[PDB]
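J.: Experimental structure and sequence below, a few questions after.
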Amino acid sequence: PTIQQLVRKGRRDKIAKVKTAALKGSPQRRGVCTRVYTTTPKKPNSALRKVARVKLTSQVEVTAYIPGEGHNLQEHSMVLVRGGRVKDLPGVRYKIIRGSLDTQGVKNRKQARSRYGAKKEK
Amino acid sequence: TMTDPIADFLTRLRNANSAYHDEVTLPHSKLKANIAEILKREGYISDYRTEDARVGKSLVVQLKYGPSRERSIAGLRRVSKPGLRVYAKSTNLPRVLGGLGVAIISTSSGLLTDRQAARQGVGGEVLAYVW
Amino acid sequence: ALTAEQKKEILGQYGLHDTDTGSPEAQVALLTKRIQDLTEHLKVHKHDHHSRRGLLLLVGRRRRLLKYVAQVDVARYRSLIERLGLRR
RNA sequence: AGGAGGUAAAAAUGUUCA
RNA sequence: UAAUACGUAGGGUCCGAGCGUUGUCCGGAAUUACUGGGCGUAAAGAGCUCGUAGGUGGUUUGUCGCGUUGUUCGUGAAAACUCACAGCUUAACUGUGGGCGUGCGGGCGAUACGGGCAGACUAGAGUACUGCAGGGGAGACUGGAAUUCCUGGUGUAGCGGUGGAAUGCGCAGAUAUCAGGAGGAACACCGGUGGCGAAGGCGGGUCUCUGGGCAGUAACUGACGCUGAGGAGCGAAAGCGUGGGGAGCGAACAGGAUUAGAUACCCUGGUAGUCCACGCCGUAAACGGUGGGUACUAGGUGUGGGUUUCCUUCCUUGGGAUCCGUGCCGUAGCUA
RNA sequence: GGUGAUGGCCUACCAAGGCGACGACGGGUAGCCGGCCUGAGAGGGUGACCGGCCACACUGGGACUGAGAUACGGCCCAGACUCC
């Protein structure tokens, strides 16, 4: 455009979409699992992916994936929720992280123990 | 309508240099004549005549080509346009083509290249880059 | 659509000298006559939009010329508009 | 080379990854 | 079921008292492009004009020195950052000195450019004169063909319609044919890669009123120009209102047919509507899917309007030059 | 009149003006800056420590004292809360 078009109307950057709004600026949140359950992923994939509807401290109820092989989670469990995209599960953007005072580490993890809350055994 | 005969002059030059014309006739202005003088001195054209037209005066630029029709000019670029006038201080003058070019600068010491302007310690309106 | 006689009549008393046509005073006078005639024509033939556009064009030309006169010398502008019956 | 107009009525759809 | 992408082992790699993850910001993103993008088809030209504010400004003389530029002074706290040095054993860190402090204000200069002021000029723009072309527009009147209907003769049994039929019209005299009449709408041929118009769009003829354009003359004014946010106006068709009109066509609707079904294509009819008057609406593939103005950049070929000129038949749409248009082709250049 | 001081700061009267598309008035958000982070730079984001300015001190209002007051650890009132 012309310079006068710019000094009049100016450039406005496209608005970046706020993401993980349920955290409300926090890196993590605490929440009660209101409903632990399992979901079916998109068409190319098929599995029984473990999730929980969690009511965070931000007064927001969101779905959250439960990575790792096993999980001891029932309702009314205090859980720590981080961000992280799960592609095959469409309507989910949050994950649950072990070491939440309920979610103990995964059993027999021995490579990536930090990502699954597993203590070193020695 | 016409809004900068400087750009008109540069464009007549560029298009004639692209079409390998030997002459470029256009209307006359003292500023365009001084610009043509700068281009002549820096060797981007062969010569320039100021003659009389039916009404006013005309500039006839005799352009320059090598033996194998090498264009003596490779580019012209108006910079201080109407709508956006650009002015250069003596320190932040522009180096055209890493210095192998020539920037026309209008100053109160007259019309003089960026080299001359940095020598004389002055700056002003950057009319063109004529590498 | 003015005739040469009507034009020369107008130019006599709105032109500066004998052979002036291009003056703003003369042009504004001619355009004012044309605007009167065309306005009456349209008061009859209201749905002649193609001529009303020409009217709008003449109005704009007249406004431009009067703007030039008021820019140059305001007494000429005032004498012109009061002698033609104009508002501005 | 120069020089009017035509007719086929309707007749659908396609689990899987590919 | 033969996973270097899952899990584990080995082994390797990247870091290392850290390593990873999440969150937030910048980058990459020339992905809001001032530096540094674009809009024919990718998202992107308003439907088109008029015109306000604004932005922008042909040639030229002089001046102001506002912008601009040079120089100087003051300020731009310290810290920071940066350069150099020095010191904590090194480093981090710390200090010292300079630079930076991307600027602002005063002073003193320069005046090319922009701008202001005062002028001048005619190459833009506009006016005048002469001519020219044109479905440009509006109003009024009016013409013939054809359809339909009515009336009357002739005339008899089918007509109509389709892919093929059937609804239907007829046998109460249809179709067809002849004559006459009524009425409505549209205007064959001319009529086209043609003309005019800002676009929409404009085609029977005549009259009236009216707008725009082009060429030439160079008599005039003397940059008065260009664009134009918003705004205003115009704005196909459909539609709406009111009042007329209503032949044909014809959404809807109704039958018939086809069809598995057919709320459709086809047929038979047929209402609004199409038409007129005044007004609303304000959209369209309103498309060149290309905003306007200006200058320049190879040519060829058609065609429309006008000016001139040269062979001269001194016939002459014989040709050339030039202005304005409108098409086809084709360079350079541009383009995915 | 008032102030330390200019001023609708306040008041009587007088005039009817003033601001707005160059965005008034409103709505939302937010302490500002040196600086910090990023970035080739322009720019974008940020306003932590450190340093400067502002504002506030339970909420709201008010003055007094004084050279000087948003008077945190001062006063008066009202309100909420806590306590005797």
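T.: Received the coordinates, thanks. Numbers count the residues shown, from 1 in each chain, chains lettered A, B, ... in the order given.
J.: residues touching residue B:129, list them.
T.: Contact partners of residue B:129, counting by Cβ atoms under 8 Å, 6 or more residues apart in numbering or on different chains, are B:75, B:76, B:77, B:79, B:94, B:96, B:97, B:101, B:102, B:103, B:104. Every residue, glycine included, has its C-beta placed from N, CA and C.
J.: show me where the chain has helices.
T.: Picking chain A for this. A:3-9 (DSSP state H).
J.: my bad, the chain I had in mind was chain C
T.: C:4-14, C:24-44, C:49-72, C:74-84.
J.: among these, which is the most enclosed?
T.: Mean neighbour count (mean count of other Cβ atoms under 10 Å in any protein chain shown) peaks for helix C:24-44 among the helices of chain C, with a mean of 17.
J.: Which strands or helices does that one pack on?
T.: Helices and strands touching helix C:24-44, by 3 or more Cβ pairs under 8 Å, 6 or more residues apart in numbering or on different chains; DSSP states H and E, are helix C:4-14, helix C:49-72, helix C:74-84.
J.: What is the neighbour count of the residue in chain B that RNA strand E sits nearest to?
T.: Proximity of chain B to RNA strand E (Cβ to the nearest atom of the strand) peaks at residue B:56, 2.7 Å away. Residues contacting residue B:56 under the criterion other Cβ atoms under 10 Å in any protein chain shown number 9.
J.: That one is in contact with residue B:28, isn't it?
T.: Yes: in this structure residue B:56 lies within contact range of residue B:28 using Cβ atoms under 8 Å: 6.3 Å.
J.: If you drop the residues flanking it in sequence, what lies closest to residue C:88?
T.: Excluding the flanking residues, the one nearest residue C:88 by Cβ to Cβ, 6 or more residues apart in numbering or on different chains is residue C:81, at 6.8 Å.
J.: And the helices and strands packed on helix C:24-44: which comes nearest residue B:52?
T.: Closest of these to residue B:52 is helix C:49-72, at 30.6 Å (criterion: Cβ to Cβ).
J.: how far off helix C:24-44 does the closest one point, in degrees?
T.: Going by axes from the mean of the first three to the mean of the last three Cα atoms, to 10 degrees, helix C:49-72 is angled at 150 degrees with respect to helix C:24-44.
J.: Can helix C:49-72 be said to contact RNA strand E?
T.: Yes: Helix C:49-72 reaches RNA strand E (Cβ under 7 Å from any atom of the strand) through C:49-61, C:63-65, C:67-68, C:72.
J.: Please report the distance of residue A:77 from chain B.
T.: According to Cβ to the nearest Cβ, to the nearest Å, residue A:77 and chain B sit 64 Å apart.
J.: Kindly apply the preceding question to residue A:122 instead.
T.: The value you get for residue A:122 to chain B, if Cβ to the nearest Cβ is used, is 64 Å.
J.: Tell me how many other residues crowd that residue.
T.: So residue A:122, with other Cβ under 10 Å, has 3 neighbours.
J.: For residue A:104, see how far away it is.
T.: According to Cβ to Cβ, to the nearest Å, residue A:122 stands 18 Å off from residue A:104.
J.: Where does chain A get nearest to chain B, residue-wise?
T.: For chain A and chain B, the shortest gap (Cβ to the nearest Cβ) falls at residue A:3, measuring 4.8 Å.
J.: hey, what's the nearest residue to that residue once chain neighbours are set aside bridged with?
T.: Among residues not flanking residue A:3 along the chain, residue B:84 sits closest, at 4.8 Å (Cβ to Cβ, 6+ apart). Note on residue B:84: beta-bridge partners by DSSP bridges are residue B:81.
J.: I figured residue B:84 was touching residue A:6, is that so?
T.: No: the pair residue B:84 / residue A:6 is not scored as a contact, 9.9 Å apart, by Cβ under 8 Å.
J.: Overlap of the contact sets of those two?
T.: By Cβ under 8 Å, 6+ apart, no residue touches both residue B:84 and residue A:6.
J.: Do a quick rundown of the strands in chain B.
T.: Secondary structure of chain B (DSSP state E): strands at B:23-27, B:47-52, B:57-62, B:77-78, B:87-88, B:103-107, B:110-113, B:124-129.
J.: just the ones you listed: most buried one?
T.: strand B:103-107 (a mean of 24).
J.: returning to what we had before: show me the one in the contacts of residue B:129 that has more neighbours than the rest.
T.: residue B:104 (28 neighbours).
J.: what's near enough to touch that one?
T.: Residue B:104 neighbours (Cβ under 8 Å, 6+ apart): B:35, B:38, B:111, B:113, B:126, B:127, B:128, B:129, B:130.
J.: Give me the domain ranges for chain B.
T.: By the record's domain assignment, chain B is partitioned as B:1-73, B:74-131 (CATH domains of a matching chain).
J.: What parts of chain A come near chain B?
T.: Applying Cβ under 8 Å from any Cβ of the partner chain, we find that chain A lies next to chain B at A:2, A:3, A:4.
J.: dump the residue contacts of the last one.
T.: It refers to residue A:4. Residue A:4 neighbours (Cβ under 8 Å, 6+ apart): residue B:83.
J.: same thing but at 10 Å, please
T.: Residues near residue A:4 by Cβ atoms under 10 Å, 6 or more residues apart in numbering or on different chains: B:83, B:84.
J.: what sits against the closest residue to chain B within chain C?
T.: Proximity of chain C to chain B (Cβ to the nearest Cβ) peaks at residue C:64, 14.7 Å away. For residue C:64, the contacting residues are C:24, C:27, by Cβ under 10 Å, 6+ apart.
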